[PDB]
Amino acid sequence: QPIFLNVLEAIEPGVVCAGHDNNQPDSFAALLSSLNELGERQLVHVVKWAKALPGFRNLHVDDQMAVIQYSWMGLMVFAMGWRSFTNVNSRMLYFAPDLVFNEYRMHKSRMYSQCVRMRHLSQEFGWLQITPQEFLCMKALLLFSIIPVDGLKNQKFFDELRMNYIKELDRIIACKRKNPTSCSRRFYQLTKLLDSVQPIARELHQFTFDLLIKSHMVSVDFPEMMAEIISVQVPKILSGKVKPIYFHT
């Protein structure tokens, strides 16, 4: 009352810096090494955040880390889109206060197309007039949006958790949203927005995987924790063993 939203607001991560050297000419090697470091810092925070979510400990211990790892990229993308919207009106990609991507950096990073999709996702927060509370509920739903095609250790607990988060988003749209037809229109919009995160995360995963494999050749540094997740968990996604749960299609 509103207990659920109270929680989401309480656990939302603070500012996370990349540690990028902005006082020197951009280089593909430097920019990507900084995204890798930032990526690792975010994963660390995403784990603490996820573990504090209502019902999260209902999941089996093994399912817990798997769900975090599979969902990590999408969660990062979604939160980054929001920061971009709120801080710079979606004009640039606000990865961190010390790692803001303008068009030049988007190009230099060699992930221009992926950045353009992320920029579009950020613009949608404005076009759809996403509230901070809708954003928090959607980001939590995102954690429960990608699983092994052949289920988890205890799939039932996960299914119940997902259903409960869907219900929370519902209440949130209905809180001040009059008569049904409007709630339906809004749920339709948000579910479409949520689904749109998955293809972006997939493309980012593909690029990251490719870069890791050739990392030694391009002078890109991958922290050990990243190398492990990208080589062990990410291929399960790229090979189709683990897939997103789409609302539509």
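In case it trips you up, residue 1 is the first one in the sequence shown, and so on.
- For the segment pair 167 to 175 and 117 to 125, the entry gives 167 to 175 the higher mean B-factor, averaged over Cα atoms.
- The deposited model assigns a higher average Cα B-factor to 215 to 223 than to the other stretch when 215 to 223 and 47 to 55 are compared.
- Per the PDB record, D63 has a higher Cα B-factor than any other of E203, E40, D63, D210.
- Across the residues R105, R162, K153, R83, the deposited record lists the maximum Cα B factor for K153.
- When all modelled residues of the chain are sorted by CA temperature factor, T191 is found within the middle third.
- Annotation for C183: C-alpha temperature factor in the highest third relative to the rest of the modelled chain, per the entry.
- In the PDB entry, a CA B factor belonging to the middle third of its chain's modelled residues is recorded for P13.
- Among the modelled residues of the chain, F157 sits in the highest third by CA temperature factor in this PDB entry.
- Compared with the other modelled residues of the chain, the Cα B-factor recorded for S145 ranks in the middle third.
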